[PDB]
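To keep things clear, I will list the structure first and then write my remarks on it.
Protein chains: 2
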Amino acid sequence: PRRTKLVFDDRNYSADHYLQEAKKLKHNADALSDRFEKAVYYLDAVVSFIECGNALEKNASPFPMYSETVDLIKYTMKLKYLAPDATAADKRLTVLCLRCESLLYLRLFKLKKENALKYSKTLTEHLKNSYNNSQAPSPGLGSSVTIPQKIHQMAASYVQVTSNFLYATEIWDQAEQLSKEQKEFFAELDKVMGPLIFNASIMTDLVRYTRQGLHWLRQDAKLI
Amino acid sequence: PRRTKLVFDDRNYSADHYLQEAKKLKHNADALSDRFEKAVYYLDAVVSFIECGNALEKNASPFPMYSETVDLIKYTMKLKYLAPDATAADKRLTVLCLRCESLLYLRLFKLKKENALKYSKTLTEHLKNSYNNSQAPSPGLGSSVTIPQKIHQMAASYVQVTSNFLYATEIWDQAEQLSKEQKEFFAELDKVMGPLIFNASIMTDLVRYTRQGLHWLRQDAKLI
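Those protein sequences? They're chains A and A', same order as listed. A prime marks a further copy of an entry chain. If you use the deposited numbering, the first sequence corresponds to residues 901 to 960, 965 to 984, 986 to 1047, 1081 to 1162, in order. If you use the deposited numbering, the second sequence corresponds to residues 901 to 960, 965 to 984, 986 to 1047, 1081 to 1162, in order.
This is the structure we're talking about:
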């Protein structure tokens, strides 16, 4: 097919503009019957939800916005890629979802990574001291520990923030592996848009990459 | 200056070959008097230590090897970049050290990332349950927690593994920021070698990039 590259608007709108545009696209997805046509419009809306979250950061928290669209991405992928009847378009659509989900998880981590590095040093120091203080020393030789409530909650949130990265790495490798089955399609998309970089591509780079991919999918799916 | 690109040997030697070559270069660094000439040879040895660690992975653990050369990288940077008399070569040498330290930290994380994702789910589940079980419920309304020793040590190691990534991200951004002060030098190095990718560049890619950079530094420093 003849490939065309989207011309992207340089205007930066407000979060409400993108949020209202995201809701209209999701409503279009809800009305549709076909799972692929639904999933395309769901990912289209997902891109607009990401734009609204990015608008929040450019204005002055995007964390709830990004978390809730991660949830929508998960629901979106359940519409189709592991199925035996899964088509090459389903796999391509899944790769685009995985790229968004991965980079969104990485953003969720980065928004609270200042907390993570402090907590890491404090937790490491307090865990070694609470373990030593719980175990009675035995001269001539050298089951439940108690910790402060503050250290407990610091541990809980530290696990939560670092988990977001753990998911970002795993989902990124998953996208990297699955694209091997559609190497030609995504080598072309990478050629036109430049490839997404895990630690370097900003939300706008991701938004345009995904929309350009959706453009080609609708062209192959003969949709509007 | 006229830039030349190193021709890299395609032979893959054993860990002992690279380890013995790394020790000889470090001994050369120890004998030298000049801090810059020492630091160049220290980073040269660091590259060979990395090659020995990579040889261990290609053979069949590289974790001690990589951790100990991270330590050598830290000592190496203390020889010079924040100093007021710091030259453009010191800053360039520091960027190369930071690239190695960052990617080595990321490798240290990746070697034990299977433990991290399991521990994340278990810790999250057990922390919420131990916190609820410690706090007495109060009908009509809806300081130190105790945890098993196994959950304690699982938390301790989970912090240790995820920390390695926290350092990798922070040191990578530090390298990214500092190269802005030497944008021309590293735009050229990136052009000849291809740019290092945080989550994608393997150890061999990093080894050659660093050695190519050291080549240019010795050329500008008029050293052998």
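Even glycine gets a Cβ: it sits at the ideal position worked out from N, Cα and C.
{"Asked": "Contact check, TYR979(A) vs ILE1109(A), beta carbons under 8 Å", "Found": "no"}
{"Asked": "Length of the line joining the Cα atoms of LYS958(A) and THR1142(A)", "Found": "11 Å"}
{"Asked": "Top-ranked residue by Cα proximity to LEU1022(A), from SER1035(A'), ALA1041(A') and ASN1102(A')", "Found": "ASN1102(A')"}
{"Asked": "Any chain A' beta carbon closer than 8 Å to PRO901(A)", "Found": "no"}
{"Asked": "Beta-carbon proximity list for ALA994(A), same chain, < 8 Å, skipping 5 on both sides", "Found": "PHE936, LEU1155, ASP1158 and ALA1159"}
{"Asked": "Three-state class that DSSP yields for residue 961(A) in the structure shown", "Found": "Chain A lacks the residues between 960 and 965, and residue 961(A) is one of those with no coordinates."}
{"Asked": "Strand pairing of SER1082(A), partner residues [DSSP]", "Found": "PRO1086(A')"}
{"Asked": "Cutoff 8 Å: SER1139(A') Cβ touching any chain A Cβ", "Found": "no"}
{"Asked": "Contact under 8 Å by Cβ, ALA1106(A) with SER1007(A)", "Found": "yes"}
{"Asked": "Chain-ordered neighbours of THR1084(A) on chain A', where CB pairs are closer than 7 Å", "Found": "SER1082 and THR1084"}
{"Asked": "Cβ-based burial, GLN1150(A) [other Cβ within 10 Å; buried from 16]", "Found": "buried"}
{"Asked": "Cross-chain neighbours of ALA1094(A) in chain D, by beta carbon under 7 Å", "Found": "Although the question refers to chain D, the structure presented lacks it and instead comprises the protein chains A and A'."}
{"Asked": "Reduced DSSP category for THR1100(A) - H, G, I as helix; E, B as strand; rest coil", "Found": "helix"}
{"Asked": "Residue from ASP916(A), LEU906(A), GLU1019(A) and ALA945(A) whose Cα sits closest to the Cα of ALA922(A)", "Found": "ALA945(A)"}
{"Asked": "Contact with chain A' by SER1025(A), beta-carbon distance below 8 Å", "Found": "yes"}
{"Asked": "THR1084(A) beta carbon less than 8 Å from that of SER1082(A')", "Found": "yes"}
{"Asked": "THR1027(A') and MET981(A') closer than 8 Å at C-beta", "Found": "no"}
{"Asked": "Proximal residues of chain A, C-beta to C-beta of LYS984(A') below 9 Å", "Found": "None at all; the shortest Cβ gap to chain A is about 24 Å."}
{"Asked": "CB contact flag (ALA915(A), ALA955(A), <8 Å)", "Found": "yes"}
{"Asked": "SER1039(A'), DSSP secondary structure in three states", "Found": "helix"}
{"Asked": "Between the CA atoms of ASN928(A) and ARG1012(A') - distance to the nearest angstrom", "Found": "44 Å"}
{"Asked": "Interface flag, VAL1097(A) vs chain A', CB-CB below 8 Å", "Found": "yes"}
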